[PDB]
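Accompanying notes for the structure given below.
Only the coordinates and a few stated rules stand behind these numbers; no lab work does. For neighbour counting, all protein chains shown are included, and Cβ atoms are generated from backbone atoms with ideal geometry for every residue, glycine included.
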Amino acid sequence: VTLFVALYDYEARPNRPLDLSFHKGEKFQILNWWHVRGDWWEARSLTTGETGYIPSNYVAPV
Amino acid sequence: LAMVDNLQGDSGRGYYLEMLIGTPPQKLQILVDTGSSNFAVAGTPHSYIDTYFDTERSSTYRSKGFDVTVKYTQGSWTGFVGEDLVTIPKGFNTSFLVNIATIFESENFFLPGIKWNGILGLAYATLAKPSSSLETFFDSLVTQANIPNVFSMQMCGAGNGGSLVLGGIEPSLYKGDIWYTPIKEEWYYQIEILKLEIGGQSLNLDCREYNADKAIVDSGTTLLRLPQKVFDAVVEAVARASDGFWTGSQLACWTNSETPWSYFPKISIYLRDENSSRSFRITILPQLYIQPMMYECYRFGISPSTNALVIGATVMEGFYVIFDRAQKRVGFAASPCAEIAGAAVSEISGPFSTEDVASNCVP
């Protein structure tokens with residue numbers, strides 16, 4: 001699995017600067033699996049092109 | 001006398017201990033880190049943290065009049081150095097005056113998903129910043145409570161938490177004989193590594209390369225980190241017994257819940273026993289090095305390192321590690337909680353010969 005598809009629409013909270021805000025159906029590329037810690041993964045959105053953290057439960061594999 | 005306290009979290013996020021600081025006591029989540037010697041907490045509100053330690057709200061806080069900057073592998077912070085009372089809930093009934101660093105500014109330290117808001121430095125005084133003169137949490141605990149200079153760890157994060165015994169060993173947390181490896185350098189928890197085996201077959205490298213800069217045991221680090229020259233040979237050896245899975249750029253998913261562990265070999269680390277002529281073996285099954293994410297997807301739990309060889313929380317999840325600071329040795333024993341639904345994930349064997357092995361491996 002290389003890419004991850006967004007299952008639900010997520011709006012990042014203002015107090016969370018490294019959190020990615022995404023729409024349902026958005027594709028992501030997880031940077032490094034070695035730096036993965038918990039239910040929040042540092043991914044790269046294919047729509048916006050920005051680097052940030054996404055909730056693991058909100059995404060599905062491709 | 002020993003304080004047996006319950007640990008929360010897993011190998012991934014990091015094992016954290018609950019602490020009460022100051023008067024009135026402030027409940028904070030403190031990560032157990034054996035790769036550092038500084039007891040630091042968040043002193044200001046920050047992103048990705050629910051609570052922090054307010055020095056102005058504590059009547060027992062005494063400012064030491066200075067601050068220190070500490071850099072990590074991926075993270076840095078600057079915090080006010082002072083001293084306050086620390087009481088561990090389920091543990092000891094009495095409070096202790098220890099050195100505390102209150103973080104006011106940080107770069108990539110408090111990350112998302114992380115449940116802790118503080119760090120517990122359990123290594124030797126020489127590593128502690130600013131200097132060795134600043135007494136570590138355990139050194140102040142050993143002096144005040146008059147407890148043996150020994151602390152043991154038991155990690156149970158197979159996929160509840162753990163147990164940190166401050167002041168000795170609890171025999172119920174292990175099975176079999178404890179195999180002790182001497183601490184060569186009293187800074188980090190540096191132990192002598194002589195050989196590495198992959199499913200029976202052993203790779204060939206000068207034993208001085210296994211101790212690259214230092215071969216340490218760290219609770220803070222998640223995966224087993226190997227040096228750049230060593231990591232490459234391991235990747236080649238496992239591949240012969242087993243696309244961007246090895247480079248950590250991709251995963252490896254196996255359909256209909258069938259375990260990939262049968263396809264993967266066994267990784268064994270050879271450590272020099274107290275008796276110079278003999279050495280023991282710490283074996284980790286693929287259950288600990290092929291970590292499950294989220295029918296289910298799996299990642300490679302081995303990463304290269306620029307400087308040192310780190311025996312992370314993934315390897316420590318299988319063994320009951322004893323940090324005997326009083327006798328300059330690190331203990332290893334089979335853990336009962338280190339079993340995925342009855343099936344064992346770790347193997348400890350010995351004694352083995354060092355006759356056709358180099359006299360000294362620490363360069």
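Points worth noting:
- Proximity of backbone amide H atoms, modeled 1.01 Å from N, is registered between B:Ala42 and B:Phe53, B:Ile103 at under 5 Å, excluding neighbours fewer than 5 places apart on the same chain.
- Global form of segment B:1-117, assessed from the alpha-carbon gyration tensor, a/c cut-off 1.5: oblate
- The value given for segment B:258-312 is a Kirkwood hydrodynamic radius of 13.6 Å, derived from the mean inverse Cα-Cα separation.
- Considering chain B at the alpha-carbon level, its Rg and Dmax are found to be 20.5, 63 Å.
- C-alpha center-to-center spacing [segment B:171-241, segment B:13-76] in angstrom: 31 Å
- Shielding score for B:110-121, defined as the mean number of other chain Cβ atoms within 10 Å: 3
- Overall dimensions of segment B:17-58 as given by Cα atoms, namely Rg and Dmax in Å: 10.9, 31
- Loop-located trypsin sites (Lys or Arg not before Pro) in segment B:1-59 (DSSP state other than H, G, I, E, B) with a sparse environment of at most 15 neighbouring Cβ atoms within 10 Å: B:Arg57.
- Part-to-part distance (alpha-carbon centres) for segment B:294-338 and segment B:264-280, which is given in Å: 14 Å
- Taking the inverse of the mean reciprocal distance over all distinct Cα pairs, the Kirkwood hydrodynamic radius of segment B:126-177 comes to 13.3 Å.
- Reduced Cα scattering model of segment B:95-181, Debye log10 I(q)/I(0), q = 0.21 Å⁻¹: -1.23
- When the square roots of the Cα gyration tensor eigenvalues are ordered a ≥ b ≥ c, the ratio a/c for segment B:148-363 is 1.5 or more and a/b does not exceed b/c, which makes its shape oblate.
- When B:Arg62, A:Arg37 are arranged by Cβ crowding within 10 Å, least crowded first, meaning fewest neighbours, the order is B:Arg62, A:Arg37.
- Under the Karplus curve 6.51 cos²θ - 1.76 cosθ + 1.60, θ = phi - 60°, whole-Hz ³J(HN,Hα) for segment B:338-343, x wherever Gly or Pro sits: 8, 9, 7, 6, x, 6
- Compactness of segment B:133-209 - radius of gyration and Dmax, Cα, Å: 17.1, 50
- For B:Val330, the amide hydrogen comes within under 5 Å of the amide hydrogens of B:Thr181, B:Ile183, counting only partners 5 or more places away or on other chains and with H modelled in the peptide plane.
- Note on B:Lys115: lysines with a C-alpha under 21 Å away, same-chain residues under 8 apart excluded, are B:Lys27, B:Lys71, B:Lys90.
- Across segment B:169-177, coupling constants 3J(HN,Hα) worked out from phi with the 6.51/-1.76/1.60 Karplus curve, θ = phi - 60°, read 10, 10, x, 6, 7, 9, 9, x, 8 Hz, and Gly and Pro carry x.
- Amide proton proximity set for A:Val59, modelled H, under 5 Å, gap of 5+: A:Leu7
- A rounded overall shape is assigned to segment A:2-62, the ratio a/c of its alpha-carbon gyration tensor axes (a ≥ b ≥ c) being less than 1.5.
- The phi torsions of segment B:96-106, fed into the Karplus equation with coefficients 6.51, -1.76 and 1.60 and a -60° offset, translate into couplings of 10, 7, 10, 6, 10, 10, 9, 4, 10, 9, 8 Hz, rounded to whole numbers, with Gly and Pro shown as x.
- Taking segment B:148-363 as the region of interest, the number of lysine pairs whose Cα atoms are within less than 25 Å, with members eight or more places apart or on different chains, is 15.
- Eigen-decomposition of the gyration tensor built on the alpha-carbon atoms of the protein assembly as shown gives equivalent ellipsoid semi-axes of 32, 31, 19 angstrom, largest listed first.
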